[PDB]
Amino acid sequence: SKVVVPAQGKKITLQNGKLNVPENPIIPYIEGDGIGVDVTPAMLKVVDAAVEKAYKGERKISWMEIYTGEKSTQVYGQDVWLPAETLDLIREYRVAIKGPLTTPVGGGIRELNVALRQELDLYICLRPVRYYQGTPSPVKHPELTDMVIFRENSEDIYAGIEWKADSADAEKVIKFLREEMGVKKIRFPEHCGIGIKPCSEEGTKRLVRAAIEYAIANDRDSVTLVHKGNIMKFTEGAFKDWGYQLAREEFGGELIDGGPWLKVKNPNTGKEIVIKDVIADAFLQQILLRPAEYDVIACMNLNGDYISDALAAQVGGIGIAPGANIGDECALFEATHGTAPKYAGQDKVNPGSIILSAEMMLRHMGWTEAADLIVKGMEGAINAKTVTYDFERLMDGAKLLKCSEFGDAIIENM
C-alpha cells in the first residue's frame, strides 16, 4: 500500500522444498536505518554488477523496497515500526535482504530483528565466518578459522517471556513457583524480575537437522553441538541429547568408540563427519586456542549470539560478517552490525557485511556464479589494500576508500 511492486519482474516460487527462481525475480530489500542508507546502495550496485557480469544480461534482479524500523514510521506514520505487509511480502516473495534496524526505547517495543525471525519463523540463523586474507586481525592465526554457525532462532530466553520486578505478574508467577511448585531456590523472591527459557524437542531437532545436512551438502568435517547442559540440564542438556539422538536416528550415527562422539558417513563424499559436543564456556576458549578443530557449529539462541560475535571479532570481520535467517517458507539475509547513527550519510562505513549477506542470498537462489564473483571481488579489494576507514586504521600501506568506492573496488576485482 506504499510499496511499489516492479512493473517488470516475477515472483520466486517454492515448488515443494525447492526454489524456482525466475531470470528476473523480485527481491524485497529493507534499506535499514542509520548507515543502512550508505551500505544498501553499495550492495544493490555490486549485486547488479555481479549478475550482469555472470549471466551476460540474461538475468536481472527487480528490487522492491519494503519498510521496517525508523523508515517505516516516516512512510506509514509515527507508530508503525513493523508494517504487517512487510511480513506478508517477505513470505510471498520468499527471499529478502535487510540493512541495520533501529528499535525504539521508551515504547515497550521488542527488538525488531528478533521480531522478524520469530514472526516469520526463520528458525536457522546461519552465520559463516572465515578469514579474508589480508584483513587486520587481533589474533596471530585468523586463517585457522573456517566455521559455520547454526544458531536456533525461535526459542531459548530470546522468546521474550519475562516479567518486571514488583509487577503483579511477577508477584504471581513467583507465588506459583514457591507455593505450587515448591521452589526454594530463588535467593531474593522480593524485587525480582523473572525470565523464562523454553527448549523444545522439535525446536532443537529442526535446527540440528539443518546443520548436519549443511555438513553433508558442503562436506564439512564435523558438527559441534555447544551447550551449558551440566548446569541447565533440561534445556541446554536436553539440546545436546536430542542432537545426538537425531544424528543416531536420522543420519545413521555410530559411536566413535566408547562414546560420546558419533560418526555420520556423508552419503555423497564417503567421508566421516564427527558429531561432538563441548561445554559453552570452554568452547569460547577452544575457538581461540584450537580453531582448526571446529567446523559446523549447532547451538541455541543466546549461545549462538555470543559465539558468532566472538568468532567475527577474531577474524577481524566485525563489519564484514554475513548473516541469514532461514525458515521453511522464506529467508532473510542481513547486515549483522548496528545502525551506527554517528556515521550515517557520511558514506564511510564498511558495506562488507551486507554485501556478503547478498552473496549468501545469491548462493541460496542457485545463482552461484554471481555469488562467486562477489567473494572474488572482496578478496581482490581487501588484498589490494583498497579499503574503508575501519580497515585502514589498522593497516600500513592502505588506500582509504569511501563506502560507495569500496563497492566499486569490489566490481573492479571481479
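So that there is no doubt, residue numbering starts at 1 and follows the sequence shown.
When the two stretches 162-170 and 214-222 are set side by side, the higher mean Cα temperature factor goes to 162-170.
In this entry, 74-82 has the higher mean Cα B-factor, the comparison being between 74-82 and 318-326. In the PDB entry, the Cα temperature factor peaks, among 121, 111, 156, 180, at 180. Taking the PDB entry at face value, the top CA B factor among 145, 268, 200, 285 belongs to 268.
Residue 264: CA B factor in the highest third of modelled residues in this chain (values from the PDB entry). Compared with the other modelled residues of the chain, the Cα B-factor recorded for residue 29 ranks in the lowest third. Looking at the C-alpha B-factors along this chain, the one for residue 150 belongs to the lowest third.
Among the modelled residues of its chain, residue 258 has a C-alpha B-factor that falls in the highest third, as given in the PDB entry. Sort the modelled residues of the chain by CA B factor and residue 62 lands in the middle third.
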